[PDB]
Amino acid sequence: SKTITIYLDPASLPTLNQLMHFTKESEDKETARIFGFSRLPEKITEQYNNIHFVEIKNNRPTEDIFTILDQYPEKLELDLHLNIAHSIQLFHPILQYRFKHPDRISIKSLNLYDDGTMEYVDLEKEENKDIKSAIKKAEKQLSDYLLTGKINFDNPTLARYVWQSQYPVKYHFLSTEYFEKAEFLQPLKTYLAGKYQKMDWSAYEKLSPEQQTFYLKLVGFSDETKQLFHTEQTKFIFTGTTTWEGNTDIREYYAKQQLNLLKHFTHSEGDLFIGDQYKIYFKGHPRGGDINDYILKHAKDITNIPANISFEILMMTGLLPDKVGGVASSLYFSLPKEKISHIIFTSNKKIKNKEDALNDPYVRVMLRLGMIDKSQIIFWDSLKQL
């Protein structure tokens, strides 16, 4: 028996958690790892004698994974690490490989991690259905999947949660409170009991100094960059965006409005003044380009955070700021209640006003769980020019 640790994610949040798990396990240079990510440092990988990379394509590992495993001719135990929402597809080629060598390969255990809000939005869609029987149904259908390869599930979204019926499993959730307080999911909470933890932004503080550097290197968090967060000053971060349906294609208009929005937080005459307590940071959109240049250019005593550092990374390094606010985005679902200030919704095809904003799926759930109240949702129109 050789154990093979296999990490798979097409998004980014699983990937960060799986990398943390690698970091925890990093003393171990011998065990074999397969990294299937959509988004790793040579000074690190060269330390490991059995390390492989595989492309992800249509939320699965490509058949290259067969070639990689083909290299290990012993009996194998596979430790899998999966994106929860895409778990069934990510699992499939592994299952396909097991069928090819049924005596020699087994699945030792799963770790499953939230893509993001997607899971919650998807579960929110099942509020009317009978959860208790759908779980018994998925269990059956899942057993058929592991025997046959056939993917037929009456409730695909619930199917993602019944893996304990087949394997030792460990879930990592963005919001445990959702399962705990959503009434319709009673039978599921109970069924999952004991097998799930909240995504820890506390694991990075638990690491040794040597492992902390190791993790920072892994995720691309430069030392220079880390510096900007080295100050006992409390910190507020403004969440940028690109454009929206503001009645023009001129990118500098959008930039000028976000500069206006930002001032509503930073300037004392603004409606959302946060106070002189906080050091100001800008976390513009990755796709932002000249919008971001334009805002960085015109805003004063503001520290920029680059595209490579995302909110996810900040949280995994225990570097959440004391407040967050600005343009609305699904990242707000991840923030603790007490870190949120005010959220601004720009007009797009779904959302033309505040009533629509309060109807967005991830928003309903945050309101229902008291992560925010309605005073904190603001429609971009209501704010005046300064």
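For every residue, the number given is its place in the sequence shown, counted from 1.
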Quiz item: Would you class the number of unmodelled deposited residues between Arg39 and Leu40 as none, 1 to 3, 4 to 9, or 10 or more?
Solution: 1 to 3
Exercise. Can you let me know which of the two, 183-191 or 294-302, has the higher average C-alpha B-factor in the entry?
Key: 294-302
Quiz item: 209-217 versus 144-152: which one carries the higher mean Cα B factor per the record?
Solution: 144-152
Quiz prompt | Candidate residues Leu319, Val324, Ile56, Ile344, the one whose C-alpha B factor the record puts highest | solution = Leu319
Quiz item: Looking at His172, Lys136, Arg160, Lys283, which has the highest Cα B-factor in the entry?
Solution: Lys136
Quiz item: Lowest, middle or highest third: where is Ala307 by Cα B-factor in its chain?
Solution: highest
Quiz item: Split the chain's modelled residues into thirds by Cα B-factor; is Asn260 in the lowest, middle or highest one?
Solution: middle
Quiz item: Which third, lowest, middle or highest, does the CA B-factor of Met199 fall in along this chain?
Solution: highest
Practice problem: Can you work out whether the C-alpha temperature factor of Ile351 puts it in the lowest, middle or highest third of the chain? | Solution: highest
Practice problem: Divide the modelled residues of the chain into thirds by Cα B-factor and specify which third, lowest, middle or highest, holds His52. | Solution: lowest
